[PDB]
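Peer 1:
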Amino acid sequence: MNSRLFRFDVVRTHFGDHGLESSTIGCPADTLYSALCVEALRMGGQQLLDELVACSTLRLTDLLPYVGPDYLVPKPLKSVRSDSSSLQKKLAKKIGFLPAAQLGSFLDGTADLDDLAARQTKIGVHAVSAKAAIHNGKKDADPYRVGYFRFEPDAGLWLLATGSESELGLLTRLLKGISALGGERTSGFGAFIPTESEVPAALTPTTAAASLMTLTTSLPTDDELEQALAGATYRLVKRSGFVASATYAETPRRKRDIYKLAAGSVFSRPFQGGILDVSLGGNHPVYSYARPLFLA
Amino acid sequence: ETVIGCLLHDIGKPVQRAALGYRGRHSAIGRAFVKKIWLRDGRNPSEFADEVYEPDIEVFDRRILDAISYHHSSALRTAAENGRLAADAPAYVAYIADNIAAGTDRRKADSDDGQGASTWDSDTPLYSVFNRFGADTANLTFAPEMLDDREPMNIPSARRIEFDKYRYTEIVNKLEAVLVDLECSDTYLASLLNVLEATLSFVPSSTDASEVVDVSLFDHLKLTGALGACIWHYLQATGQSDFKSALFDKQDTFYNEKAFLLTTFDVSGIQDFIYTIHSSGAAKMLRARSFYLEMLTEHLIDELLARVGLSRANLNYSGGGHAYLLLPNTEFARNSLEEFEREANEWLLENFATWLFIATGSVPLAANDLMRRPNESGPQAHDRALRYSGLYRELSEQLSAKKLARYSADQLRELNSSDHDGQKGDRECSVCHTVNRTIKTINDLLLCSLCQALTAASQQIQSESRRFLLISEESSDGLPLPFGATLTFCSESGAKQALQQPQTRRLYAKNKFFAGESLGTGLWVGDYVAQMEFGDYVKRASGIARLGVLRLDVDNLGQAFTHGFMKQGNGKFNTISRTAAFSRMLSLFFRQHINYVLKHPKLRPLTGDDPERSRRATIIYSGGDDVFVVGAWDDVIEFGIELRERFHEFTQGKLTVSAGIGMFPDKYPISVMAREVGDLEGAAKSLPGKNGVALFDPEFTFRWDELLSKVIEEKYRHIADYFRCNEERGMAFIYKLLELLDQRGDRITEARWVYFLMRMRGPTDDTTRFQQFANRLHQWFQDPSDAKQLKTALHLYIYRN
Amino acid sequence: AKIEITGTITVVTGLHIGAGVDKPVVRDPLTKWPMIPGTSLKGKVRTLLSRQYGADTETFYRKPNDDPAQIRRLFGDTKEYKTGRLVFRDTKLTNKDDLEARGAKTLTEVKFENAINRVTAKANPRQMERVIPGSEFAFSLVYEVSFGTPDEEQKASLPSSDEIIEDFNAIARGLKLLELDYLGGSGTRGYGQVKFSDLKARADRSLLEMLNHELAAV
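Protein chains in written order, with the authors' numbering: chain M, 1 to 296; chain A, 7 to 807; chain G, 6 to 25, 34 to 216, 222 to 236.
1. Write down every uninterrupted run of the beta strand (DSSP E) in the stretch 69-143 of chain G whose length is 3 residues or greater and which is fully enclosed by it, in chain order.
2. Closest by CA to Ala638 (chain A), which one among A:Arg138, A:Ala459, A:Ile10 and A:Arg806?
3. Comparing the C-beta of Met43 (chain M) with each C-beta of chain G, is any distance below 7 Å?
4. Given a threshold of 16 other Cβ atoms within 10 Å of its Cβ, counted over all protein chains shown, does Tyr71 (chain M) qualify as buried or as exposed?
5. Tell me whether the beta-carbon of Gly327 (chain A) lies closer than 7 Å to the beta-carbon of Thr360 (chain A).
6. With 7 Å set as the bound, which would you pick, yes or no: does the beta-carbon of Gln565 (chain A) sit closer than that to a beta-carbon of chain M?
7. Decide if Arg75 (chain G) is buried, meaning its Cβ has at least 16 other Cβ atoms within 10 Å, or exposed.
8. Within the continuous alpha helix (DSSP H) that includes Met669 (chain A), where are the two ends?
9. Go through its chain and collect everything with a Cβ distance to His21 (chain G)'s Cβ below 8 Å, but skip five positions before and after it.
10. Using a Cβ-Cβ distance cut-off of 7 Å, determine whether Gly231 (chain M) contacts chain G.
11. Taking the beta carbon of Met1 (chain M) as the centre, do at least 16 other beta carbons fall within 10 Å, making it buried, or is it exposed?
12. With 7 Å as the threshold, decide whether the Cβ of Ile95 (chain M) is near any Cβ in chain A.
13. Should the stretch 429-439 of chain A be called in touch with the stretch 271-286 of chain A, which here means at least 3 C-beta pairs below 8 Å?
14. Ignoring anything shorter than 3 residues, give me the beta strand (DSSP E) runs that lie fully in the stretch 172-216 of chain M, in order along the chain.
15. Given a limit of 9 Å on CB to CB distance, which residues of the stretch 153-181 of chain G reach chain M?
16. Entirely within the stretch 9-55 of chain A and at least 4 residues each: give me those alpha helix (DSSP H) ranges in chain order.
17. Fully enclosed by the stretch 84-142 of chain M, which beta strand (DSSP E) runs are 3 residues long or longer?
18. Quick one, which residues of the stretch 660-685 of chain A are near chain M if we go by CB-CB under 8 Å, in chain order?
19. Tell me the DSSP secondary structure of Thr585 (chain A) in three-state form.
20. In chain order, which continuous runs of the alpha helix (DSSP H) of length 4 or greater are located wholly inside the stretch 256-341 of chain A?
21. Strictly by DSSP, which residues pair up with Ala491 (chain A)?
22. Looking at C-beta atoms only, is the number of pairs between the stretch 280-294 of chain M and the stretch 51-59 of chain M that lie closer than 8 Å three or more?
23. Whose CA, out of M:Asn136, M:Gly183 and M:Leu41, lies closest to the CA of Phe242 (chain M)?
24. Let me check understanding here. Comparing Cα to Cα, which of M:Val10, M:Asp140, M:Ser84 and M:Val237 lies closest to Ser402 (chain A)?
25. Which residues in chain A have a C-beta closer than 9 Å to the C-beta of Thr119 (chain G)? List them in chain order.
26. What residues in the stretch 35-67 of chain A bring their beta carbon closer than 8 Å to a beta carbon of chain M?
27. In terms of DSSP beta bridges, what is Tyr66 (chain M) paired with?
28. Taking the alpha-carbon positions, what's the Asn230 (chain G) to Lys213 (chain G) distance?
29. Under 7 Å between C-beta atoms, does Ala246 (chain M) make it to chain G?
30. Is the beta carbon of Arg512 (chain A) closer than 7 Å to that of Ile477 (chain A)?
31. By the three-class DSSP mapping on this structure, what secondary structure does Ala757 (chain A) have?
32. So, is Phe495 (chain A) buried or exposed, given that buried needs 16 or more other C-beta atoms within 10 angstroms?
33. Going straight from the alpha carbon of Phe73 (chain G) to that of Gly484 (chain A), what length do you get?
34. Mind pulling the chain A residues with CB within less than 8 Å of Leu87 (chain M)?
35. Could you tell me if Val635 (chain A) is buried or exposed, where buried requires 16 or more neighbouring beta carbons within 10 angstroms of its beta carbon?
36. Roughly how many whole angstroms lie between the Cα atoms of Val146 (chain M) and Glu682 (chain A)?
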């Protein structure tokens, strides 16, 4: 199989975390794959979605930053051997990403920290944008304060995706026509242009090659969680949300509250990923992605 | 009733500094100090007895008074080799206690003229703990005055303080208040071990002038218990039925044995609990959940105590969810350690899913590794304290593994696929924005049961009277806690009949360490709430109405003891009583002394016109490394330097800070009220000198010496003073001005600078001082950094009006 | 492609989109330029085009959730949600150079104002910050080819050239009206009359020529 390197031009975007006034640089793929099962009904016929409801034969990364020509792959959660001073102990957690090479030098306390943190403010700015609210009835309009992320003028988000090339060819069938991503996208946000380039082969999936660093907020099955946890350096998030879509036209309710693992986490053993489903009450299934992809 | 001798075997210092007429040494003073006052006798303290062989009087009357008997290493002979005291008395427990304390604490400093003994004194003061910090030696002297919670804050002084009566009839009358309740109750180990922190904080434990005494009584009195109550929970597991045999041949048993255990626990995720509030609750619940997260924090050590009955001095460090902890290196405590860590964590998955996770690392600790050995030269004393760093850097890499595998796999898949109460997402909260609770929609917003609970706190918790509280067991009403407890807030004025019940899991009180009576086992808390809600500090301001934010953390605090002692004198000074001292002063600077610099401030270059006009701000959490204050922008920007001018008078040029102050409107959300002011102490912490400040933007990044002098008192004290007398003049003129400082990189802006300058004088004003008033503003224009200070000076006047 | 209509909005008086210098403009925090936000171009046109298509036939619309079809076909809602068919390009300045090479220095002038209280004839001054009245903004808006998602089980109802030309006459009267009215704040006083220019329909080959004449007639 090949893989696909996806270069964007994401100027402003808004992937919230717990509301709207904040943002995140990363899109954990249960947010991205859920778009691919709602921005496929707007092009297919609910047959393209039904072609890919619960197969998970396609492994795709998340939407991680890139500053110029180098992928800003995430800061892994491995125990650093910081035999140096305690300032650069604290300076690691103020660093979310790093380029594609320095990770092995990073993990043993043998790396720079005041250049990687100096390219944090080369990614882009955590902006805000005030707006004014509803004429609720006839009363006085409120504001609503909504905050975003803004990239630098030479950045965007990257993506690596592999699997069956027919169901990979239907990703790029969809993405050449997927509109403004992000959350608050009916305004000017999350708009971008997807371009194809040939991948870096320094980032192969090392599923068992003694580099068990993932590139996707993922999850194994519930039983096999007991196997891939003895040396897992992992963090837990929430991947909740709301549901209120056509063919589900009622009052808006939520997805089921899941907690996937981290996205650059390093483990003890290989594992498998599968499409968890988050529908709680109602008609059509809604489902989280959780199908990881690995790194040297 | 079997640990009682841990504390009270050091009472021989200040009684002859108060001249109560005893004789003999510290063993002779204290063994009759509790004979003169404790037995309710009205006799003279100048002729008290020595030794009685009474058969019927038991431990409660005899060996309480004889819990000191003999404590120093030179008078070990009489209590044993004459049979004056047997093994079933706690003085033997107190003999090895001070011996392992002062053997690891008491060392003469590196002076010229040595061999000096510490004896009876009535003049000597304690000196600065910050003497040994840095490559300079200060000579500042901690004046042993009274420090039980009065205004102002007490500062180091260079002169030798005059020995008076008034503070020392006040100390002994404080000892008349809480050392008469010494009875078989809870007041042994919880009451006395806090109220003596502030009294004995500036009082030394020695006399020698060949040393510079930095350790006080209390930082040694804590270590008498923290090494004494530690080893009693090491004692019966190691096989001791006679305490003499552990000091007759095995007094050198700790050459290479491990009888101590150094542990921690941290609540990783304190800040990312307090700073996720999306709606209303921005004004109220921002302070209450920080008040919540500090209130179970002190309770979180307290269940590691309530299982074994240790001391609250076992927390040598405390503040900001973190508490270093010394334990015996037995295995009952080490097993019940992981009972404490896991089960409180096991409680947390019912209420706060993946926010709070506490975890405990461990270092088994010897006794010779702390003390400076006999004959340790340069290449010999240097290797003694590398392991004293090795019990911290390899304690951080204990919890550099627990914070990576935080939950077991049998635990998360309970919660990995669930919607509790099975209901719909039409009921979903606003503040904590969860779904599983039936959302009791009170006050016209969908708020959860937790967010309903914190709204009930702020009816009384941020008021200025109900700062007392109660932790009961696992009941319904209140704030829910791990290990079977609720948490509530009330007053203890007319509610002591609910405070004299055995259904109280933990008891506390407010900032005021109340002697005489008991309003609770108090700690150091935040009571600076000028007005309750956030909207009341933009409703009054003549000028702009902008809610000003302030966050400020002391830099480099991971190098506070790992590399803050080992640059001057090659690091023989690394000891526990010298490192639990600045972490006993930071529990007053950032927790109580900030009430002085806020309730009655000094510096007022924007407001002025009253010396003790109170600061209208409100501190979010007074604790530890980080201070977080939000009020109007006016009082904060003066106080944000003013508190730092109560900071450069303690470290005196060694510890550095960088702050952050921004101005925001009232209804501004919290989630970007801490992601942008996280660049204002994020840019001036990236200063090459690290001692600075950043106002309003990352391009204003100014030093602490460049701000109060160059900006305000030079440039802002230039602008609004020529029309001080015409105070209402055109600030509609001055917002023309800082257009030009943005276009300063063009040539004709020099011409337009002087053009607008003499567009202010004429025949309708006093023009005796106008040529220099523009010339000061003309020389500032040309330099590419003189106007950098000026833009902020212009901004202060337009935002003052 | 999608039907992504371009545009070039030219201010012709000065425009002040509050973004709350005491009252600034919308400052793009990268380039410190003036922009036009995507919601001060959307959330204004709803207050017009729900009073031109609506409020012909005595329609009140006390909330934006009970608006007519070719409103909520284009703008969407929380109850019915046909589609969000209009996503607007958040737009910012085109020529800062020729604006400043022809004399400007600041790109955001200050206008002065008063407020005479009619109790004592006293002046109460006030300062107002607009955009330069030649600040030509570029502009685009995105209509989609829009395979409609049917919330009923009437599966896969793709609109052909029939229903879509009705919504081209919606945005025609969306932006015929905005040329004859506001964009910004402190209104009924001349702030920010705009002028849309160089509009083009942009993506079949038979369809496109009539798609012009709604928007060419504004």
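Ideal Cβ placement from N, Cα and C applies to all residues, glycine included.
Peer 2: Concretely, from the data shown:
1. Listed in chain order, the beta strand (DSSP E) elements of length 3 or more contained wholly in the stretch 69-143 of chain G are 123-126 and 139-142.
2. The candidate whose alpha carbon is nearest that of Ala638 (chain A) is A:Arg806.
3. It does: the Cβ of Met43 (chain M) has a partner Cβ on chain G nearer than 7 Å.
4. Classification for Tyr71 (chain M): buried.
5. Going by C-beta atoms, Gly327 (chain A) is not nearer than 7 Å to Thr360 (chain A).
6. Cβ-Cβ to chain M under 7 Å: yes for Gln565 (chain A).
7. Classification for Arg75 (chain G): exposed.
8. Membership of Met669 (chain A) in any alpha helix (DSSP H) is not indicated; the residue belongs instead to the beta strand (DSSP E) covering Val663 to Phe670.
9. Within the same chain, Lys36, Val38, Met141, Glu142, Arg143, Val144, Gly197, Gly198, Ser199, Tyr204 and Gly205 come within 8 Å of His21 (chain G) by CB-CB distance, once the 5 residues on both sides are set aside.
10. It does not: the Cβ of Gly231 (chain M) has no partner Cβ on chain G nearer than 7 Å.
11. Looking at its Cβ environment, which holds fewer than 16 other Cβ atoms inside 10 Å, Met1 (chain M) is exposed.
12. Answer no: the Cβ-Cβ gap between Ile95 (chain M) and chain A never drops below 7 Å.
13. With the cut-off at 8 Å, the stretch 429-439 of chain A and the stretch 271-286 of chain A touch.
14. For the stretch 172-216 of chain M, whole beta strand (DSSP E) runs of length 3 or above, ordered along the chain, are 195-197.
15. Within the stretch 153-181 of chain G, the residues whose Cβ lies closer than 9 Å to some Cβ of chain M are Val155, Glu157, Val158, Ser159, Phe160, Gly161, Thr162, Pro163, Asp164, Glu165, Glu166, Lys168, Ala169 and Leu171, listed in chain order.
16. List check, alpha helix (DSSP H) in window: 32-42.
17. List check, beta strand (DSSP E) in window: 128-132.
18. Going along the stretch 660-685 of chain A in chain order, one finds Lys673, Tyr674, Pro675, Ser677, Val678, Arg681 and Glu682 with a Cβ nearer than 8 Å to chain M.
19. Under the three-state reduction of DSSP, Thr585 (chain A) is assigned to helix.
20. For the stretch 256-341 of chain A, whole alpha helix (DSSP H) runs of length 4 or above, ordered along the chain, are 277-280 and 291-312.
21. Beta-bridge annotation (DSSP): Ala491 (chain A) is paired with A:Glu479 and A:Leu487.
22. These segments touch.
23. Closest by alpha carbon: M:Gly183.
24. Comparing Cα-Cα distances from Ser402 (chain A) to each of M:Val10, M:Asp140, M:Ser84 and M:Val237, the minimum goes to M:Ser84.
25. Chain-ordered, the chain A residues with CB closer than 9 Å to the CB of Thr119 (chain G) read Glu745, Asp748 and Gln749.
26. Listed by position, the residues of the stretch 35-67 of chain A near chain M (Cβ gap below 8 Å) amount to none.
27. Residue pairing by DSSP puts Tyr66 (chain M) in a beta bridge opposite M:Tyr71 and M:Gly156.
28. Computed Cα separation, rounded: 7 Å.
29. Yes, its Cβ sits closer than 7 Å to a Cβ of chain G.
30. Taking 7 Å as the Cβ cut-off, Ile477 (chain A) and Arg512 (chain A) qualify as a contacting pair.
31. In the structure shown, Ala757 (chain A) sits in a helix (DSSP, three-state: H, G or I).
32. Flag for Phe495 (chain A) reads buried.
33. One C-alpha to the other measures close to 48 Å.
34. Under the 8 Å cutoff, chain A gives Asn562, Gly564 and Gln565.
35. Buried is the call here.
36. Separation of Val146 (chain M) and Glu682 (chain A) (C-alpha to C-alpha, rounded to the nearest whole angstrom) is 14 Å.
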